[PDB]
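Single chain ahead, by itself, as structure tokens, in the form deposited in one PDB entry.
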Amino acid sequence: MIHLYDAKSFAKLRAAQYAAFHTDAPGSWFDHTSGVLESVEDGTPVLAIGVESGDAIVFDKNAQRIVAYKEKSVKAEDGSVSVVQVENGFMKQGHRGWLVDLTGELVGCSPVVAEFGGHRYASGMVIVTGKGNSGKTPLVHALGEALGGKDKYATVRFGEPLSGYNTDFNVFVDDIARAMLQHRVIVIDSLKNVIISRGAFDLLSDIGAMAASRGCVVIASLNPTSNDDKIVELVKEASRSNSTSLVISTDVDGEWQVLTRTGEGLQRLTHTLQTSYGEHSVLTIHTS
């Protein structure tokens, strides 16, 4: 909804956004939204995401699809009304994104999702890209494991000519939706087939905000299939724009640069990652 501010309430907002990344316990936002989701009335639509055509499918708190749901409205503090209606498996009324409020007044954050190697990482979408045909796949997996920490990370596979890989966009958004509804750390191996259909365009536009609001973090590989020219600059550009954080390869083997948006109007941070391969190409990110 819309929010009103004067100097004083704006300064409080910024302080809270700053704390959401810098001082809140890592993964606390995720635990908080998981709590909000489980308190959702059984059967209530909680998430809507676009499929290939541009239409949207809807899920409940247990990541089960909703196919029929009689129109229901909700009045916000803003005075604005929220309406949701599902019919024949598709949203008849509503909007893409979260259908229940996970944030309230606290918006514009990049909730800390985890801490590793002396650095805090933001929830939201992280695109791993850069100098083509490098080791993006091993990197998204190492990041997944490291950010997972005590927990397992979820892997969404899509659009690679390898065994067991789904290449149908509608199965892909179904996996993404389930992943965000159930896990704090998600890896998407290849946003290749995505970047264009309306559903695909919808995804690039919505995923970061959906993850950041949940407090989960989606680590997506984007190997520029495009030339190995300066088209990689445009890819990086498009990526910076729809990503909460960016991870780009450098001219130094095994080294990557992490660029993080810490919150609305807040400072962008950067740190470097050193990595190395073990057996069977398992990559390890060096810490101390």
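The first residue of the sequence shown is number 1, and the count goes up from there. Only residues modelled in both forms are compared. What we label the rigid core is the largest C-alpha set whose atoms superpose within 1.5 Å from one form to the other.
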ask   = With respect to the deposited sequence, how many residues separating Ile195 from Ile196 are not represented by coordinates: none, 1 to 3, 4 to 9, or 10 or more?
value = 10 or more
key: 279-287 versus 2-10 - greater average Cα B-factor per the deposited record   = 279-287
Of 234-242 and 47-55, the one with larger mean CA B-factor = 234-242
task = Report the option among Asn227, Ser221, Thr33, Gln257 whose CA atom has the maximum B-factor in the deposited record.
result = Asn227
ask   = Can you tell me which of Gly208, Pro161, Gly148, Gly89 has the highest Cα temperature factor in the record?
value = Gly89
ask   = Going by what the PDB entry lists, where does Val247 fall on CA B-factor within its chain: lowest, middle or highest third?
value = lowest
request  = Looking at the entry's B-factor column for C-alpha atoms only, identify whether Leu191 ranks in the lowest, middle or highest third of its chain.
outcome  = highest
Chain third (lowest, middle, highest) by recorded CA B-factor, residue given as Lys72 = highest
query = Once the chain's modelled residues are ordered by C-alpha B factor and cut into thirds, is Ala154 in the lowest, middle or highest one?
reply = middle
remark   = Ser213: C-alpha B-factor third of its chain, per the entry, is the lowest
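Keep in mind that the form deposited in another entry is missing from the display, and what follows is about it.
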ask   = Given a rigid core superposition of the two forms, which one of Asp31, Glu38, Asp253, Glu237 has its CA shift by 2 angstroms or more between the shown form and the other one?
value = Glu237
inquiry  = Rigid core superposed, CA of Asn133 - does it shift 2 Å or more between the shown form and the other one?
reply    = yes
key: Did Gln64 shift 2 Å or more between the shown form and the other one, C-alpha, core superposed   = no
query = Superposing on the rigid core, do we see a C-alpha displacement of 2 Å or more at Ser53 between the shown form and the other one?
reply = no
ask   = Compared with this form, is the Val252-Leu234 Cα separation smaller or larger in the other entry, the difference being 3 Å or more?
value = farther
request  = Report the direction of the Cα distance change between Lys230 and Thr167 in the other entry, compared with the displayed form, as closer or farther; the change is 3 Å or more.
outcome  = closer
message = Which residue stretches between the shown form and the other one come out as moving, taking only runs of at least three where every Cα shifts by 2 Å or more after core superposition?
response = 132-134, 227-238
